[PDB]
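Mapped onto this note's numbering, the consecutive letters of the sequence shown carry residue numbers 3 to 115.
Below is one structure, written out as structure tokens; comments come after it.
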Amino acid sequence: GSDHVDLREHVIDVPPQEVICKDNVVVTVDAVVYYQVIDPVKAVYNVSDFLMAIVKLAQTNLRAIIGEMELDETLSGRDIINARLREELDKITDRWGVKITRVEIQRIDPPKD
């Protein structure tokens, strides 16, 4: 087994990215991602690469979905956005002995006048 039985999770800080929505609407998106080192023997890389990596990835992944949306459907579809990413990353983390415990989205910024 394992003496330590704490499923402590950590949050990832990812910078926003200006992407042209579906209706050609320029906006700034931003969200957070959770994770937890389930396999230390594998994540012996001081969970460093995963940090810089994740953020970098989210940018590409999100760009796919985020790239297409509706100024409104954006706030409404918060669960969908979280899921997608969570998976896209959860699949690239599983290898680094890490899994996306959860996913959260931050407030969105509408198009300026």
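Cβ atoms here follow ideal geometry from the backbone N, Cα and C, with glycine treated the same way.
I'd like the span of the alpha helix (DSSP H) that includes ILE102, first residue to last. Here residue 102 corresponds to residue number 100 of the sequence shown, with the count starting at 1. Taken as a continuous stretch (DSSP letters only), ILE102 belongs to no alpha helix (DSSP H), as it is neither H nor E.
Is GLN38 closer than 8 Å to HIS12 when the C-beta atoms are compared? Your numbering for residue 12 matches position 10 in the sequence shown. Your numbering for residue 38 matches position 36 in the sequence shown. Yes, the pair counts as a contact, with Cβ atoms nearer than the cut-off.
How many angstroms separate the CA atom of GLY3 from the CA atom of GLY69? Position 1 of the sequence shown, counting from 1, holds the residue named residue 3. Position 67 of the sequence shown, counting from 1, holds the residue named residue 69. Distance between the alpha carbons of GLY3 and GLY69 is about 44 Å.
Per the contact definition of three or more C-beta pairs closer than 8 Å, is the stretch 55-73 in contact with the stretch 13-25? yes
Contact belief for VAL34 with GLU106 at Cβ below 8 Å, rounded distance in angstroms: Taking the sequence shown and counting its residues from 1, one reaches residue 34 at position 32. Taking the sequence shown and counting its residues from 1, one reaches residue 106 at position 104. About 5 Å; that satisfies the 8 Å criterion.
Quick one: grab the DSSP three-state call for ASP41. Locating residue 41 in the sequence shown gives position 39, where the first residue counts as 1. Coil, per DSSP.
Per DSSP, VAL35 is paired with what? Here residue 35 refers to the residue found at position 33 of the sequence shown. In the DSSP output, where bridge partners are listed per residue, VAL35 has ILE14, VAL105.
Mapping the DSSP letters down to three states, classify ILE68 as helix, strand or coil. Position 66 of the sequence shown, counted from the start, is the residue given in the question as residue 68. Of the three classes helix, strand and coil, the one that applies to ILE68 here is helix, per DSSP.
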